[PDB]
Amino acid sequence: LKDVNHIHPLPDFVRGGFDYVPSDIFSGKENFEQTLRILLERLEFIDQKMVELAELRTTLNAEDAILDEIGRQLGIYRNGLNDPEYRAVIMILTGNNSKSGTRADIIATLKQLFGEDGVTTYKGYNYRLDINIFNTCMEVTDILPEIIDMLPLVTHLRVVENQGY
Amino acid sequence: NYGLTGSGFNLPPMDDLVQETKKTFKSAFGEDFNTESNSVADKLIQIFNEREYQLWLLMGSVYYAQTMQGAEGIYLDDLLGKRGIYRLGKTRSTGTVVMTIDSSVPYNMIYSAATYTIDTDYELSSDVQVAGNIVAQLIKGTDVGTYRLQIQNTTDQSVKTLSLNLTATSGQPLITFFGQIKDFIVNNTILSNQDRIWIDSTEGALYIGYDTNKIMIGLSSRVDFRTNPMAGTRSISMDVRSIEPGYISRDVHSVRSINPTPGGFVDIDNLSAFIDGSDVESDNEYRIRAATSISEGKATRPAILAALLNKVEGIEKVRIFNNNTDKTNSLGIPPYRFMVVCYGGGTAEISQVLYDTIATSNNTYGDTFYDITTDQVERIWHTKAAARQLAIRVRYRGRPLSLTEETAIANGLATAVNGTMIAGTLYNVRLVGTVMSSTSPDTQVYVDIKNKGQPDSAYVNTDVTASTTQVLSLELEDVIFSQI
Amino acid sequence: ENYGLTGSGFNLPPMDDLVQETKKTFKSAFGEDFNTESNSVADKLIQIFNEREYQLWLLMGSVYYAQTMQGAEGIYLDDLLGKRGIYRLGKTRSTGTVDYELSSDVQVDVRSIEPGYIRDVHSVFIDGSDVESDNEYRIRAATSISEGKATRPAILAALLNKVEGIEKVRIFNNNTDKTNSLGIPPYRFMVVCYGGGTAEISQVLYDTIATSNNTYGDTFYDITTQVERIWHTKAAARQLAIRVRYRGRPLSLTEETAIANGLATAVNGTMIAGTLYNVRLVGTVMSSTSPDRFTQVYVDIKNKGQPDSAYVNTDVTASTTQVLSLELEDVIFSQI
Amino acid sequence: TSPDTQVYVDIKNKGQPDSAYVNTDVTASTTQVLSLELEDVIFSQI
Amino acid sequence: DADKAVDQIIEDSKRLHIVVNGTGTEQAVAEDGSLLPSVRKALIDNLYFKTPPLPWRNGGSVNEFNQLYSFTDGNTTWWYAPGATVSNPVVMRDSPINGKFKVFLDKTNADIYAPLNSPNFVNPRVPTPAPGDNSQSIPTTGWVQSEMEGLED
Amino acid sequence: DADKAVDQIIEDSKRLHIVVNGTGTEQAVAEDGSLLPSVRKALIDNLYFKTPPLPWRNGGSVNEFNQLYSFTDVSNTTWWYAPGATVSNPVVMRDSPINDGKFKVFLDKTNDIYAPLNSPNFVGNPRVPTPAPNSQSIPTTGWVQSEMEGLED
Amino acid sequence: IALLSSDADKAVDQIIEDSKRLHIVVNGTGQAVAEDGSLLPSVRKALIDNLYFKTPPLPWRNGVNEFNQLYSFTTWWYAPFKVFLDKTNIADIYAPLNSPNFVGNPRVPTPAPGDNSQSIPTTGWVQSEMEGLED
C-alpha cells in the first residue's frame, strides 16, 4: 500500500510552507508572495537533485562517466568495453560469486542477456556442452571471456549465434 | 557539528538552525533588529527554515543508502547485488494429495489435468493415471473364486504373476491367503514395507499402508499392483499446485474437497504440509537468506551425498563410483560417466534431486532412467541395489534361553542391515560382540552365516562381502538357536 | 542544469554565481529600477539566505567525495569496504612453538597471553599486528570472496581463505581432446601454488571441486570419506635484481627508498609464470614520485649472482614453475 | 587510463610528411612556444 | 528506418513550439525553404490592438506586444513594440524615435519614407554594381575604390 | 509484435510532418477519415483574406466575418467587414455601411516595400539622374567614370 | 533497439500542449498563456479589443475630445490633426526600396574617408577622393 523507498521528490513542496502563512494576512498582496516564492523555488531545484545524487549512483542507471568508479571498486576495469555491455560484464562477474555451474544455474545467468526464448543449451556425453543464441542485442566476442568463467573446470564448449530460430 | 563528522552522519533539530540564522540576521542589522513573533522578518525566516530541515533529513537518508545497514527497497538490491543474491518473486504452492477410489474404477482410466480443481485455488499438477500410482490398499470381508495378482518389480522391470483360489470366504484359509499375498508383495519392493502391512484376524481384513491404529500412512513409494477381481478400495497419490502465484498455505489434514466429483470418488486428504507459496520477497527474509548462504553447497561429491539423504522420503543408503580414464575399467562403466547407487528412493522423486550435479558432468549411467523437463528435456540414469538375504545360526553353551528372550538377540542383529554397498563386511567378531551385549551379562558362543536356501553345509565363519550392486539383508524369522 | 552529478563528474557552484541569478530572477519580478547594490537592505537579505543555501551544495559535494575510493579516510573508509562484506582486523596475537601460554593440551602449541603487540628471539613467534592500517587494509580488499564451487574463481577464492600460509596461486586449463602445449592430459586441469601445506590444500580442494577428479600435477595425496587422491605443484624458484639509470636532479636518499619499495610491489604482484614489461616498470617510477624530476630513465634486470654484463632491458617472463621475487640489497641507482 | 604492453610516441610539426616522425625531444625556438590541438592526435594498434 | 521518423517528430515538435510561442518580432523556419510566422506576428501582422491608447512615460517599461502608447511632443503618434513580453519587457525611454518601438500607420504617417523626388537620407546602402558599368545605376563606396584601383597601377 | 506499434508510429510521424509543413494548405487524413488542417490553414483566420472585396450591394448578405467588401460613396472608396457575421446569422446587406454599425472600415498595412528615410538597405538596381560633373548629390556609375575618364590622361 | 524513444516523450508531450494552445486560441471565446507567461487572445476575443472608429463622420469646424470619432471636410479627419481618407495613392510618391528610380536632387550623408564598403558615396566625396591619387 506504500512504497518502502522513501527517497522521492517531496510532493507539492511549493504549496507547503505557504500553508504556514498565519491567517491569510499577506495572501492576495502580490508583493510578499513573490518574494517568498522566489526564495522557496530555489530549494525546489536542490531538493530535486538530491534524488539523482542517489538514484543515478545505482549500477542499473549509472552512466559510463561514473560507472567506471563502481567497476573500479570491484576490480572490473573498462578495458575496451563500451557502456551498454560494460554494464553486462559487471553484473555477470558479480553474480558468479554465488554460483555452482549447474545446468539449471547456467540457464539462469544466460537468461538476463538474451530475453526469455533467446538462448538454449544442448548437452553431450563426454563433457560436451553447447550454447545457442537467437536474439542477441550486444556483440558477443567481448562478452565471451566471462561466459567461460562460470562453467565447470572441465567443460568442453561450443558457441553458435544466429538471429531467430 | 551536525553535518559530516568523523563518526558518520548526524541530524540537526529545528531550533539550532533557527537560532543560527537569527544570529546571522542580528549581525546583519545590529543588535537592535527584532526577530521574535511580531517581526515580518521572523515570519519569513521561520517559514523559510523548516524546508531545509526536510533537505537535511533527506540528505541524511541518502548517505546510509550505500551501507550494510540502512539500505531499503531498490537500493538494497544494489548492495547485495554485488554478492550475487536477488529477491524472489511470486511463487506457487506445491504439494501432493491422495484420494480413495471405489472398487469399480478401472486401472487404465486417466484423469484429465485441465478438468478438475481440488479446491478454490488448487488444480492438478499434470495428467495422472490410476495405474502405477497406488500408495495404499484396504481389503475386507466381501471378496469364492480364482484370483490373479500382478506387480512390477522395483529393481528389475519384469512383471510377476501369482495364482490363488479363495476356496473359503473366512477363517484359516482366508488367513493363509492373506499371508500368501503378504509374502508375495514383501519379496519385491523393500523390506520396510512389511512393517506396514498386517492382518487383523479378529475382523478378517487386510491393511496395506496403514499403522496399528488404522491410519493410512502409505507404503514406501508409489507402485503398480492389480487383482483381476478388483476387490477392496484403492488409494492413489496426486501432485497438486496452486492456480495463481501468491501466498497460500495448507496443513497436514486440510484438503477436503474436489469441485467436479469424479465417479467412484470416496475421500481426499493431505499427508504432509504443503510448501506454501509466497508473495513478493520482503527485505527481512532477503537479509536472512543472504546471511545463511554458507551452507548452500552444490555440485560437489560431499554436497551431492548430503543432498540426497535430506531430499527423499527414503534413500536409506547411497554410494558413488568414478571412472574417468579413457576406458571402461574393471567395473562395467562407460569411459567418462559417474555411477550412483541408492536404496529405497523411488525413481522420479530422486531423479529431480540429481539436478545438483555439476553442469557438463555426464554422469547418466545405471539400469533405470527417467526424463526431466528443464524447455528442453534430458534423461538421467541410476541403479538400485539388489538385496541379498542371509541365514544366521547361533550356537552356545549355557543355560537354555527362554521364549521371548531371544527377541533382544534377534533385533540385536539388526546391525547386519547397516552394511554399506560393496564395502560391507560382517566382521563376525562384531556380531559376537553384539549378541553378547543386548542381554544380561553371562560361556561359549559362535555365529554361522549362509545365503538363504542353501543346505546346512554352507554354514561358515569367514566374513562375507557384498557384490558390486548387492546389499546385505536379514529377516527376523531367519534366526535360529542351538544349545551345546 | 550544470550543477550536481552529471556523469562526467560532480560540479559545485561557487558562492558568487548563486547570488547572480537569484538577483536576476528577483529583479525580473520588479523591473530594472530596483536597488540591489552593495550594502542595500535588499542585498543584505539576499546574502543571508544564499549563504545558508550554499552550505547545502557543499554538504552534497562532501558526501559524494566521502564515498569515493580516492576520498575514503578513517571511518568512512571502513564503511565503503564494509559494503563489500569485509572488515578491518583487530589486536592480533603471536604464535610460537615448544607472557605466553600453551595453545592446547599436550602429551607424549604456544599462544600469547597478551592481546596484541609483543621474548621473541631464537633460543631464549609472530610479532606486531596491533591494528590493521588503511594502506594494507586497501591491499587486503584486493581479494575476492564467494560461496561458489566447481568454477575457476571459486577454487582461487577458497584457497586464499582456508589454506594457511598460501601466498599465490594459479590454474591452467586443458579442456580439449588432445594434450596441450604444456603436456596436460586431455580433459584435465592443473593447479600450481606457492607456499602452504600439502595434506591440507588437498582437503580444501576436495570440498570445492566437482564430483569428477580432474586434477593433475607433480605430487599427490590420498584422501577418503571411498578413497581418491588430488594433485598439485609448487613453483618458488626465482629471485631478481634491478638497476636504474636516470638523468637530472639526484634523488637524495629518502626518494630512492620511496622509488625502491614501490618497484618491489609491482614486481612481486606478478602472476605465476607471468611477464614483466619494461614500460610498466618505467611508469611506476614516474608515479611513485612527483613528475618533472627526470629527462631520461632506463631499468635493467638480471638474476642474483649474475655478472654485471648480464643486465638487460628487454621484457622478462618465467617458466611454469617459477615465481618472480625482488628484495633489498638491490635496485642500483645511478646518474648517467 | 585504467592500469594496463607496449607504447611509443612520435612527434612532428604539422603538415610534414609521415617520414618526419621521430622520438628525440623537441625544443622551442627563441620566440616560439609549443601548441597542440585535440584533432591532431592519431592512434595505431600493433 | 525508424530513427529518421523520430527525427522528423522531434524537429516538427521544436518548430511547432517556436511557432506557437514566437516573439512578435520573429518568424519560424519550415523544413522547406519557406519561413513560418508566429502567432504574435499573425495577430499584429494583419491588424490588431488594444483600443485605449496609453500615455508615453520616460519611466515606464512595456511588457505587452499589442498595445498602443501615445507619444507626444502636440504631435501625437501611437507606438508599439512586438518584441515586448512579461518575460522580456522594454523600457520607455525619453523618446520612442531612438528601437523595438514602431509607429502606428497613418496616411500621413508615409512622412518617414523617402519620397521619389530629391529625398534626404540619414547609412543607406545599395548592391555593388559590376565593374565598368557606365549606366545611371548607383555605385558603392567600395566599387569606387575597386575601380580606382586599376587606375593607380 | 512491437513491429505493429512501430508501423503505426511510422505513418503517424508522416501525418504530423505534413501537418506541420503543409505548405500553405494541406489536408492530412487521419485513420478515422476525418481531415486535419495544416498550421498555415489554421492561420487563415488571422490572415483576413483581402482578395478584391466583393462590391458593395443592397440586398444579399455577408456570411464571413473576416471577408471584406468594396463600397463607394457619392464622392471615396472604402472596404468594410461585419465582425458579427457568421453562418446561421448572416449580416443582411444594406444601402451603405456608414449607418450600419454591423460593418466597419478597414485599412492597408503594407507601407515593407518602401525605403525608410533612415539608413535604408536597397536591393536590385537603383538609379538617379547623372549629377552635374557634384558635392552632395548621389553620383552614378557613369558619372564617376566620366569624372575619372579625363584623369587617366 | 529503438529505445531512443526515451527522448521522444519530452517532445510529444510538448507538442500536445502546443496543440492545446492552438485550439484555445483559434476556437476560443470572447485566452491562452504561453510559456513566457504572456497572454494570447483568441480570435473571437481579439475582434473585440481592436481599434474601431465611429462610422458616421462629423462636419469640420476647426474647433476635439475623442480620438475615435471621424470628421468630414471639403476628406475624413480625426484627432490622435491627421487626415484619414484622402484620394491619393502612396506608391506613386514613395520610392520602393527595390529598384527605385529617383529624380531631382537625392542626397545622402557623406561617408568617412577611405571607406570600402557597400555604403553610398557622395559626389563631393569621390571628387575629394580623386585628388589623393592625382598627387
# chains A, B, ... in the order shown; residues from 1 in each chain; ligands from 1
>>> select_by_dssp(residues="chain E", states="strand (DSSP E)", output="PyMOL selection string")
chain E and resi 27-29+35-37+50-55+61-62+67-71+77-80+90-91+102-103
>>> residues_around(residues="residue 16 of chain B", least_positions_apart="5", cutoff="12 Å", atoms="only C-alpha atoms", output="list in words")
residues 1, 2, 11, 21, 22, 23, 46, 49, 50 and 53 of chain B
>>> closest_residue(among="B:435, B:350, B:342, B:359", to="chain C", atoms="only C-alpha atoms")
B:359
>>> interface_residues(of="chain E", to="chain F", cutoff="9 Å", atoms="only C-alpha atoms", output="MDAnalysis selection string")
chainID E and resid 1:2 5:6 8:9 12:13 15:16 30:32 34 36 39 42:43 45:47 105 110:115 119:127 129 132:140 144 147:148 151
>>> select_by_dssp(residues="segment 99-239 of chain B", states="alpha helix (DSSP H)", output="list in words")
residues 172, 173, 174, 175, 176, 177, 178, 179, 180, 181, 182, 183, 184, 185, 186, 191, 192, 193 and 194 of chain B
>>> write_last_selection(atoms="N, CA and C atoms", output="PDB file, in the first residue's frame")
ATOM      1  N   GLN B 172      -9.298 -69.771   8.712  1.00  0.00           N
ATOM      2  CA  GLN B 172      -7.886 -70.052   8.472  1.00  0.00           C
ATOM      3  C   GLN B 172      -7.524 -70.039   6.994  1.00  0.00           C
ATOM      4  N   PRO B 173      -8.336 -70.570   6.077  1.00  0.00           N
ATOM      5  CA  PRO B 173      -7.996 -70.428   4.653  1.00  0.00           C
ATOM      6  C   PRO B 173      -7.843 -68.984   4.218  1.00  0.00           C
ATOM      7  N   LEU B 174      -8.732 -68.098   4.670  1.00  0.00           N
ATOM      8  CA  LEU B 174      -8.604 -66.684   4.336  1.00  0.00           C
ATOM      9  C   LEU B 174      -7.335 -66.101   4.941  1.00  0.00           C
ATOM     10  N   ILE B 175      -7.020 -66.489   6.179  1.00  0.00           N
ATOM     11  CA  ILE B 175      -5.797 -66.004   6.814  1.00  0.00           C
ATOM     12  C   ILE B 175      -4.581 -66.434   6.005  1.00  0.00           C
ATOM     13  N   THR B 176      -4.562 -67.693   5.568  1.00  0.00           N
ATOM     14  CA  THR B 176      -3.442 -68.190   4.777  1.00  0.00           C
ATOM     15  C   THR B 176      -3.354 -67.469   3.439  1.00  0.00           C
ATOM     16  N   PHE B 177      -4.500 -67.190   2.819  1.00  0.00           N
ATOM     17  CA  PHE B 177      -4.500 -66.450   1.562  1.00  0.00           C
ATOM     18  C   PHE B 177      -3.908 -65.058   1.747  1.00  0.00           C
ATOM     19  N   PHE B 178      -4.308 -64.369   2.816  1.00  0.00           N
ATOM     20  CA  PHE B 178      -3.754 -63.047   3.088  1.00  0.00           C
ATOM     21  C   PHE B 178      -2.257 -63.129   3.357  1.00  0.00           C
ATOM     22  N   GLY B 179      -1.824 -64.143   4.105  1.00  0.00           N
ATOM     23  CA  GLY B 179      -0.402 -64.308   4.352  1.00  0.00           C
ATOM     24  C   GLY B 179       0.376 -64.565   3.077  1.00  0.00           C
ATOM     25  N   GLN B 180      -0.200 -65.349   2.165  1.00  0.00           N
ATOM     26  CA  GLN B 180       0.444 -65.581   0.879  1.00  0.00           C
ATOM     27  C   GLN B 180       0.574 -64.285   0.095  1.00  0.00           C
ATOM     28  N   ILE B 181      -0.472 -63.456   0.102  1.00  0.00           N
ATOM     29  CA  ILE B 181      -0.380 -62.166  -0.576  1.00  0.00           C
ATOM     30  C   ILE B 181       0.717 -61.313   0.051  1.00  0.00           C
ATOM     31  N   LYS B 182       0.789 -61.309   1.384  1.00  0.00           N
ATOM     32  CA  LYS B 182       1.826 -60.541   2.066  1.00  0.00           C
ATOM     33  C   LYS B 182       3.213 -61.014   1.653  1.00  0.00           C
ATOM     34  N   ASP B 183       3.423 -62.330   1.632  1.00  0.00           N
ATOM     35  CA  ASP B 183       4.712 -62.860   1.209  1.00  0.00           C
ATOM     36  C   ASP B 183       5.014 -62.491  -0.234  1.00  0.00           C
ATOM     37  N   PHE B 184       3.997 -62.502  -1.095  1.00  0.00           N
ATOM     38  CA  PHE B 184       4.205 -62.125  -2.488  1.00  0.00           C
ATOM     39  C   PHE B 184       4.675 -60.679  -2.597  1.00  0.00           C
ATOM     40  N   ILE B 185       4.021 -59.770  -1.872  1.00  0.00           N
ATOM     41  CA  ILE B 185       4.365 -58.358  -2.005  1.00  0.00           C
ATOM     42  C   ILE B 185       5.726 -58.069  -1.382  1.00  0.00           C
ATOM     43  N   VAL B 186       5.987 -58.603  -0.187  1.00  0.00           N
ATOM     44  CA  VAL B 186       7.226 -58.265   0.509  1.00  0.00           C
ATOM     45  C   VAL B 186       8.455 -58.733  -0.252  1.00  0.00           C
ATOM     46  N   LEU B 191      12.031 -54.249   2.228  1.00  0.00           N
ATOM     47  CA  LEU B 191      11.639 -54.911   3.466  1.00  0.00           C
ATOM     48  C   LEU B 191      10.932 -53.975   4.434  1.00  0.00           C
ATOM     49  N   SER B 192      11.186 -52.671   4.365  1.00  0.00           N
ATOM     50  CA  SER B 192      10.489 -51.737   5.238  1.00  0.00           C
ATOM     51  C   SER B 192       8.982 -51.781   5.050  1.00  0.00           C
ATOM     52  N   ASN B 193       8.504 -52.173   3.868  1.00  0.00           N
ATOM     53  CA  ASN B 193       7.070 -52.248   3.625  1.00  0.00           C
ATOM     54  C   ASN B 193       6.388 -53.272   4.525  1.00  0.00           C
ATOM     55  N   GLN B 194       7.016 -54.432   4.739  1.00  0.00           N
ATOM     56  CA  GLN B 194       6.381 -55.478   5.531  1.00  0.00           C
ATOM     57  C   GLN B 194       6.017 -54.994   6.926  1.00  0.00           C
TER      58      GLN B 194
END
>>> residues_around(residues="segment 199-216 of chain C", least_positions_apart="2", cutoff="9 Å", atoms="only C-alpha atoms", output="NGL selection string")
(:A and (152-154)) or (:B and (298-304 or 322-324 or 338 or 357-358 or 361)) or (:C and (148-151 or 154-155 or 158-159 or 162-164 or 184-185 or 187-191 or 196-197 or 218-223 or 228-233))
>>> write_last_selection(atoms="C-alpha atoms", output="PDB file, in the first residue's frame")
ATOM      1  CA  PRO A 152      32.908 -26.284 -14.536  1.00  0.00           C
ATOM      2  CA  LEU A 153      36.670 -26.766 -14.566  1.00  0.00           C
ATOM      3  CA  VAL A 154      36.490 -29.369 -17.349  1.00  0.00           C
TER       4      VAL A 154
ATOM      5  CA  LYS B 298      26.152 -27.875  -4.571  1.00  0.00           C
ATOM      6  CA  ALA B 299      27.931 -29.627  -7.426  1.00  0.00           C
ATOM      7  CA  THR B 300      30.447 -31.452  -5.225  1.00  0.00           C
ATOM      8  CA  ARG B 301      30.732 -35.038  -4.039  1.00  0.00           C
ATOM      9  CA  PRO B 302      30.073 -34.190  -0.360  1.00  0.00           C
ATOM     10  CA  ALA B 303      27.308 -31.818  -1.444  1.00  0.00           C
ATOM     11  CA  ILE B 304      25.578 -34.397  -3.635  1.00  0.00           C
ATOM     12  CA  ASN B 322      34.055 -42.798 -10.542  1.00  0.00           C
ATOM     13  CA  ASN B 323      35.621 -43.798 -13.863  1.00  0.00           C
ATOM     14  CA  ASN B 324      37.259 -41.020 -15.866  1.00  0.00           C
ATOM     15  CA  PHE B 338      29.648 -41.451 -12.950  1.00  0.00           C
ATOM     16  CA  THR B 357      25.143 -32.398 -10.460  1.00  0.00           C
ATOM     17  CA  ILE B 358      27.935 -30.305 -11.939  1.00  0.00           C
ATOM     18  CA  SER B 361      29.320 -33.836 -15.829  1.00  0.00           C
TER      19      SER B 361
ATOM     20  CA  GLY C 148      30.592 -20.677  -5.430  1.00  0.00           C
ATOM     21  CA  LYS C 149      32.077 -24.056  -6.280  1.00  0.00           C
ATOM     22  CA  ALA C 150      33.406 -26.010  -9.251  1.00  0.00           C
ATOM     23  CA  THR C 151      34.393 -22.824 -11.080  1.00  0.00           C
ATOM     24  CA  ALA C 154      35.689 -20.340  -6.686  1.00  0.00           C
ATOM     25  CA  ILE C 155      38.803 -22.515  -6.458  1.00  0.00           C
ATOM     26  CA  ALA C 158      38.600 -20.776  -1.288  1.00  0.00           C
ATOM     27  CA  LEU C 159      42.334 -21.495  -1.318  1.00  0.00           C
ATOM     28  CA  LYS C 162      41.330 -21.528   4.054  1.00  0.00           C
ATOM     29  CA  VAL C 163      44.816 -22.836   3.214  1.00  0.00           C
ATOM     30  CA  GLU C 164      47.156 -21.415   5.832  1.00  0.00           C
ATOM     31  CA  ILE C 184      48.422 -31.664 -19.610  1.00  0.00           C
ATOM     32  CA  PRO C 185      46.484 -34.889 -20.309  1.00  0.00           C
ATOM     33  CA  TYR C 187      40.167 -33.345 -20.108  1.00  0.00           C
ATOM     34  CA  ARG C 188      42.216 -32.477 -17.032  1.00  0.00           C
ATOM     35  CA  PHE C 189      43.424 -29.320 -15.313  1.00  0.00           C
ATOM     36  CA  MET C 190      46.463 -28.489 -13.198  1.00  0.00           C
ATOM     37  CA  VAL C 191      46.762 -26.359 -10.059  1.00  0.00           C
ATOM     38  CA  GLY C 196      51.151 -23.647   2.019  1.00  0.00           C
ATOM     39  CA  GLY C 197      50.962 -27.252   3.175  1.00  0.00           C
ATOM     40  CA  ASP C 218      53.576 -33.465  -9.781  1.00  0.00           C
ATOM     41  CA  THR C 219      52.620 -34.737  -6.324  1.00  0.00           C
ATOM     42  CA  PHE C 220      49.552 -36.496  -4.964  1.00  0.00           C
ATOM     43  CA  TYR C 221      47.966 -37.142  -1.581  1.00  0.00           C
ATOM     44  CA  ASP C 222      45.185 -39.645  -0.959  1.00  0.00           C
ATOM     45  CA  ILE C 223      42.007 -38.704   0.908  1.00  0.00           C
ATOM     46  CA  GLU C 228      40.885 -40.837  -4.016  1.00  0.00           C
ATOM     47  CA  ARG C 229      43.883 -38.541  -4.471  1.00  0.00           C
ATOM     48  CA  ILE C 230      44.479 -34.931  -5.524  1.00  0.00           C
ATOM     49  CA  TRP C 231      47.402 -33.451  -7.456  1.00  0.00           C
ATOM     50  CA  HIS C 232      49.226 -30.120  -7.231  1.00  0.00           C
ATOM     51  CA  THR C 233      52.598 -28.446  -7.790  1.00  0.00           C
TER      52      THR C 233
END
